[PDB]
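Have a look at the structure below before the remarks.
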Amino acid sequence: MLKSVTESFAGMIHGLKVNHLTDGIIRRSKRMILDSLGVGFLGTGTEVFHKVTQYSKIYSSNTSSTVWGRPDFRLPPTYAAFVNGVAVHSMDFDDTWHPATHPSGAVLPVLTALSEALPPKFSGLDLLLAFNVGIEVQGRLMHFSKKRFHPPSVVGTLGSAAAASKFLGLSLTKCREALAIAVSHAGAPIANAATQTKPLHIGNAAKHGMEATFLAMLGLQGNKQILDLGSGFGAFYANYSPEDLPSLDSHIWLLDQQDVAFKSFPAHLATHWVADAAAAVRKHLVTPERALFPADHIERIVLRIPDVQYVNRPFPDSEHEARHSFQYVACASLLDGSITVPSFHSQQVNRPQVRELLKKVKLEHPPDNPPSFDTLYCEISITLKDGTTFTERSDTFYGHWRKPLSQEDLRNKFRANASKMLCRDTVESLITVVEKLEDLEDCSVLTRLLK
Amino acid sequence: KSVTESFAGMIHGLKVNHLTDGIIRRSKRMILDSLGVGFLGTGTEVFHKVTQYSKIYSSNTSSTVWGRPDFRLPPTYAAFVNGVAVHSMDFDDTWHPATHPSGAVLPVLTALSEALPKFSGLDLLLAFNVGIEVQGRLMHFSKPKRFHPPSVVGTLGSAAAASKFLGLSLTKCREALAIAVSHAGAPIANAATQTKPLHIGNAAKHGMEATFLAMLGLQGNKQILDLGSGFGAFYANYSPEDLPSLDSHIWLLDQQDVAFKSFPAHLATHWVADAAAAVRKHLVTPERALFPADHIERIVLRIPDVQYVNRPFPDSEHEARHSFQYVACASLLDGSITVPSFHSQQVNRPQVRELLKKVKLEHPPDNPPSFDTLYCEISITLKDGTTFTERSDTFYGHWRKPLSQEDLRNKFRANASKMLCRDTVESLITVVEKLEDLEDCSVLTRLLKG
């Protein structure tokens with residue numbers, strides 16, 4: 001090895017310049033940014049967001065950065081990134097990568113908060129760089145396994161520090177300390193990822209990553225081998241296998257070889273397969289002449305699906321539980337003919353006709369279906385009361401990186417998510433600003449529109 | 001299933017009724033000692049760095065910053081920088097199983113009292129002892145360590161402490177613990193660096209943050225403490241256990257006192273310094289008062305293999321703090337080991353470096369790395385062959401030979417020496433020594449600023 005894994009990361013963060021950007025990234029990185037803002041503004045209406053903003057009200061006295069959807073209220077950059085990151089992840093509506101993590105929410109709120117609170121204009125190319133440095137570090141730390149911690153709390157916290165560290169031009173040595181100090185703020189046990197605290201893992205990753213960067217600039221030191229030791233960053237890994245990063249001339253961003261998956265409805269990405277296969281099998285059982293789902297004719301529905309038992313909730317009674325329910329996403333798809341934001345509202349999840357369809361669903365876990373967003377599939381077999389059986393299988397859903405979302409489709413998702421919180425003018429301007437970020441001379445024109 | 005609820009039930013159920021004069025006594029010593037090394041901790045470079053950062057929240061003036069009336073912070077970040085001060089010099093409490101429990105609990109409560117009827121010194125004492133009890137119980141759930149214990153249990157100690165002090169619902173005390181879990185757990189590698197004090201500062205802050213969020217209705221996992229995918233993820237072998245009935249409950253602090261340090265360094269070196277002083281008395285006289293370093297052949301220190309304290313040649317103040325070798329020789333040369341002994345200019349003395357080169361370590365098979373059992377033997381062989389041997393199984397300060405009150409007060413008086421005038425110092429001893437009878441915690445918090 002040329003040097004330690006830890007220094008390899010400090011070198012790449014400090015070294016990567018604007019010229020290192022690849023066209024494919026500026027493209028996919030712009031899709032992620034508008035998506036995360038859209039789901040973020042939609043998240044500003046959730047109870048989780050209302051709770052973290054109320055707490056954050058004790059630091060209001062510092063009015064440096066914007067709080068999305070709350071122009072009556074400003075916060076220091078650390079807690080602006082905290083609550084905005086929470087809103088991004090508040091509904092499980094944000095982007096999803098491979099290996100599995102949600103990397104945009106932990107990075108973007110940091111850079112927008114930094115640009116506002118900071119005084120030397122900053123380029124849109126500068127923002128895209130720091131953002132893609134945050135995305136890159138998360139993906140490469142992700143491959144260090146060869147279960148216990150929620151990856152967003154782990155890789156996101158460092159991804160956050162990396163993004164902030166390049167955005168503010170820290171010395172090579174100081175980007176190293178920012179990574180090390182962030183490691184002490186990282187690692188939330190994954191049991192809490194199954195509760196309404198899950199959004200805070202992303203908000204803390206953004207916040208703590210920034211905090212670590214501030215302390216790095218003030219001279220605080222961490223372990224100079226934090227990424228190389230099992231007693232360091234590897235403590236979060238069942239089995240740790242770190243690897244130094246390639247030279248910059250031989251550097252291929254992981255975002256170039258692996259796009260992100262974008263969600264069409266706010267729920268666990270595993271259910272997007274269930275939704276796709278449900279929409280297909282549904283059109284066998286309804287006609288223009290018999291337009292309501294023939295639930296009475298049904299006897300048994302089975303969802304062939306990997307054993308991600310976090311998503312195995314056959315009788316959800318809350319908005320949060322239905323978001324991670326193989327069963328409900330299918331039943332609501334079969335009955336409503338669609339599955340969108342309002343499908344998860346309490347009023348809809350406890351519909352009597354939904355309850356009765358949930359009684360007929362059993363989960364099958366075929367051995368050829370591993371729990372990986374890059375491999376898994378959903379097969380749905382519906383057996384009528386008379387005996388007839390219908391089966392439909394979905395290997396890919398519209399939104400997955402194999403079948404990525406259109407640009408207009410992703411633009412109309414954003415317009416629907418920003419609908420309640422911003423007027424038409426602001427919505428369309430943000431689209432134009434984001435769609436051509438590289439050409440921007442001053443990040444301020446974007447930050448302005450966020451309020 | 002039950003373990004998480006039992007914790008929430010005890011936190012919520014423990015009343016002033018259940019406080020025993022044993023823990024009230026041992027608690028007031030921890031409160032004074034930690035206040036002491038906090039005030040002294042305000043002179044550390046690490047404390048200056050966290051304060052410089054925490055000034056972005058300066059706008060909120062709800063809680064005091066020790067040693068700096070210059071500015072005030074919101075309680076979350078007052079407890080943060082004050083906790084950092086308490087562990088900034090490795091001078092604070094040490095319990096068994098090994099952790100530093102006061103630093104994660106005391107800055108929490110003092111900040112809360114300041115930032116918001118009355119709170120009696122006994123309300124504070126109860127909140128404090130709950131925070132300490134919770135830490136000890138979670139420490140007893142393990143059967144290669146990767147996480148620094150203060151950042152794991154200390155964070156929950158802070159949450160439980162603040163949850164009691166603010167009278168949280170039973171269900172909310174549970175959520176405050178569950179939220180705190182997502183804020184806990186620092187890899188132990190950073191415990192060997194300048195960042196370690198922040199583990200205690202974040203334990204205090206995060207525990208308070210988790211308490212504030214639970215108060216607003218936020219919820220975590222209902223069985224975070226029962227699961228290996230929950231709080232167990234920080235343990236190599238997690239074995240949780242329900243907590244006893246409050247009728248059958250015995251405070252862990254009633255059967256296990258804390259060790260109090262006499263000099264700012266890893267507690268393991270206190271055995272070495274104890275033995276180093278007992279052998280020194282053979283090689284110096286009133287007529288020959290200086291240590292005859294040139295007449296020594298080698299210095300054998302029989303000591304548990306705590307490789308973090310194995311630093312034969314420290315060149316810094318932070319490294320000498322965890323050096324079997326330096327503490328030993330500094331005791332042999334100066335005939336003492338105190339706060340100034342670790343200053344950079346003392347560590348890099350030429351004679352210190354020449355004595356260090358005569359030191360060799362031995363790891364006896366009967367010397368396990370446990371503060372409750374380990375010992376230090378020291379054998380000095382002169383150049384003429386004569387060998388002097390002395391052994392320290394317990395040192396003055398250990399829980400087996402605790403510090404007297406007056407010694408603990410004089411340690412406090414010496415630590416607050418620089419930040420407070422003597423009158424405030426003596427006042428602080430008065431108030432704390434009689435905190436049970438205190439009517440309002442404001443009397444205590446005022447004196448913490450000058």
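What the table shows:
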| read-out | value |
| --- | --- |
| Qualifying residue in region B:266-281 (condition: surrounded by 20 or more Cβ atoms within 10 Å (Cβ to Cβ), in contact with a helix residue (DSSP H, G or I) (Cβ under 8 Å, 6 or more places away or on another chain), under 26 Å from B:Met139 (Cα atoms) and aromatic (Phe, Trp, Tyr)) | no |
| Complete set of residues in region B:39-76 that are among the small types (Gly, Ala, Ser) and within 12 Å of another protein chain (Cβ to nearest Cβ) | B:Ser54, B:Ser58, B:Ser59, B:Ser62, B:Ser63 |
| Positions within region B:225-236 being over 26 Å from the mean Cα position of the chain (by Cα) and either facing chain A (nearest Cβ under 7 Å) or of a type in the set (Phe, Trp, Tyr) (or both), in sequence order | B:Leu227, B:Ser229 |
| Condition check for A:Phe144: of a type in the set (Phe, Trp, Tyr) and under 21 Å from A:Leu16 (Cα atoms) | no |
| Test: residue in region B:358-375 that is under 29 Å from the mean Cα position of the chain (by Cα), among the acidic types (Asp, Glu), surrounded by 13 or more Cβ atoms within 10 Å (Cβ to Cβ) and farther than 27 Å from B:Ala416 by Cβ | yes |
| Number of positions in region A:320-343 that are within 22 Å of the chain's Cα centre (by Cα) and closer than 25 Å to A:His365 by Cα | 10 |
| Single unsatisfied condition, A:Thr426 versus (1) within 30 Å of A:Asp296 (Cβ to Cβ); (2) surrounded by fewer than 17 Cβ atoms within 10 Å (Cβ to Cβ) | (1) |
| Of all residues making up region B:34-56, the number that are over 17 Å from B:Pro197 (Cβ atoms) and either among the β-branched types (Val, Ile, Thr) or surrounded by 24 or more Cβ atoms within 10 Å (Cβ to Cβ) (or both) | 1 |
| Cβ-Cβ under 8 Å pairs, at least 6 apart or on other chains, region A:326-350 side in the same structural domain as A:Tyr310 (by CATH) and closer than 22 Å to A:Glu379 by Cα, far side charged (D, E, K, R) and assigned to a loop (DSSP other than H, G, I, E, B) | A:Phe326/A:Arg313; A:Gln327/A:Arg313; A:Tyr328/A:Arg313; A:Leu335/A:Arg351 |
| Residue within region B:177-196 that is in the same structural domain as B:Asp407 (by CATH) and under 26 Å from B:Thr20 (Cα atoms) present | yes |
| Flag if B:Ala236 is outside any loop (DSSP other than H, G, I, E, B) and out of contact with any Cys (no Cβ under 8 Å at 6 or more places or on another chain) | no |
| B:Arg446 more than 23 Å from B:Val339 (Cα to Cα) and surrounded by fewer than 20 Cβ atoms within 10 Å (Cβ to Cβ) | yes |
| Of residues in region B:255-278 being assigned to a loop (DSSP other than H, G, I, E, B) and among the small types (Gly, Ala, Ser), the one farthest from B:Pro197 (Cα to Cα) | B:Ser262 |
| Within region A:86-118, tally of residues that are in a helix (DSSP H, G or I), away from every other protein chain (no Cβ under 14 Å), crowded, with 24+ Cβ neighbours inside 10 Å and not aliphatic (A, V, I, L, M) | 2 |
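What is reported rests on the model, the rules as stated and the sources as named; no laboratory instrument gave them. Reconstructed Cβ throughout: ideal geometry from the backbone, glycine too, with neighbour counts over all protein chains shown.
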